[PDB]
Amino acid sequence: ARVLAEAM
Amino acid sequence: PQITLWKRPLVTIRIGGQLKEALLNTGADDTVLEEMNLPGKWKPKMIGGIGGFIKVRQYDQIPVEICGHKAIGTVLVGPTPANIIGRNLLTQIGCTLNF
Amino acid sequence: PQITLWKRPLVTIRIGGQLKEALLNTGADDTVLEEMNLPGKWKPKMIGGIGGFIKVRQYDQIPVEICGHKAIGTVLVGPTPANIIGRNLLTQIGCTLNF
């Protein structure tokens, strides 16, 4: 499964 | 309610009596919560994201309330920077994307 | 359009004269595309998620068509496990969460 949380 | 995306879509959730803030993530297949001691059996799992994989613990049939909407399902618990509500639970509270 | 979350929220975007599959991700501040060539000067940036941080190439004021709606903004390119349209462009096409 993928949890593509993202922040810079 | 209608939630805009000018800021991160953070909402309040009720898990096992404790209340925390979670990110509404359409980009997550599963719901991942910060480390916590939930009761019940759990199977080890690996989930991936942008910087690779992390091991988490999987709990099933876990009751969760999202901004007043009751849902129950799988919850992964691991060393995640933030609490994440994935699609497995969003499909349960009638959450849709619109434009 | 109204998009349900039983399946991954994938749509087709036109980056220049190129079609690509992208995931509408409200859990991402930025838009990250797999490694590809784009015009202009790029600055090296670092973004993180579950698993850690990765290095990416930043491109500014790039035109992107998302299911017919035009947007112009920042696009990051790098080793992402998947193409994702973040909140920076979702707000531009007036996308919201509802339930």
Side-chain angles (χ1 to χ4, degrees), chain B residues 1-6 8-11 13 22-35 45-56 65-69 71 73 76-99, chain C residues 1-11 13 21-34 46-54 56 65-69 71 73 76-99:
Chain B
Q2 183 194 76
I3 302 187
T4 52
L5 298 173
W6 294 114
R8 287 171 185 165
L10 292 172
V11 300
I13 68 168
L23 179 66
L24 266 22
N25 195 165
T26 57
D29 288 316
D30 312 298
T31 302
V32 192
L33 300 172
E34 292 189 303
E35 175 57 49
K45 198 185 174 191
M46 292 277 282
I47 63 174
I50 282 182
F53 289 70
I54 63 165
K55 189 206 296 183
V56 300
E65 201 186 70
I66 303 171
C67 258
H69 295 245
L76 303 179
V77 178
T80 169
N83 294 308
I84 302 171
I85 307 303
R87 288 189 304 96
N88 75 301
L89 294 180
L90 298 168
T91 59
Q92 300 197 315
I93 64 175
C95 193
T96 65
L97 274 179
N98 312 76
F99 63 104
Chain C
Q2 204 186 201
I3 296 177
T4 55
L5 304 162
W6 306 101
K7 300 169 181 173
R8 281 184 175 143
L10 290 166
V11 308
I13 69 177
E21 190 185 60
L23 181 73
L24 295 185
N25 183 9
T26 61
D29 301 326
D30 318 297
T31 290
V32 198
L33 298 182
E34 277 153 34
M46 279 207 76
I47 66 174
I50 262 55
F53 295 69
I54 64 168
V56 294
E65 197 180 292
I66 301 167
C67 275
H69 303 62
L76 316 179
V77 171
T80 173
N83 292 317
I84 61 200
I85 308 302
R87 294 187 303 100
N88 73 300
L89 299 185
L90 295 175
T91 53
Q92 279 196 36
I93 68 174
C95 189
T96 57
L97 277 176
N98 299 298
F99 64 101

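Convention: sequence-line order gives letters A, B, ...; per-chain numbering from 1.
Of all heavy-atom pairs between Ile54(C) and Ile50(B), the closest is CG2-O, 3.3 Å. Nearest heavy-atom pair across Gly49(B) and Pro81(C) is O-CG, 3.9 Å.
One distance of note links CG of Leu97(B) with OG1 of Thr96(C); it measures 8.0 Å at 0.5 Å rounding. Put simply, CG on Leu5(C) and CG on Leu89(B) are 11.5 Å apart, with the number rounded to the nearest 0.5 Å.
Remark: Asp29(B) pairs with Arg87(B), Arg8(C) by the salt bridge (charged side-chain N to carboxylate O under 4.0 Å, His left out) rule, at least two apart or across chains. Contacts of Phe99(B) classified as side-chain contact (heavy atoms from CB on, under 4.5 Å), with partners at least two apart in sequence or in another chain: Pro1(C), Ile3(C), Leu24(C), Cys67(C), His69(C), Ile93(C), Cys95(C).
At least one donor-acceptor pair under 3.5 Å links the side chain of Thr26(C) to the backbone N or O of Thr26(B).
Chain B forms more heavy-atom pairs under 4.5 Å with one residue of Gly27(C), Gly94(C), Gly86(C), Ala82(C) than with any other, namely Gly27(C).
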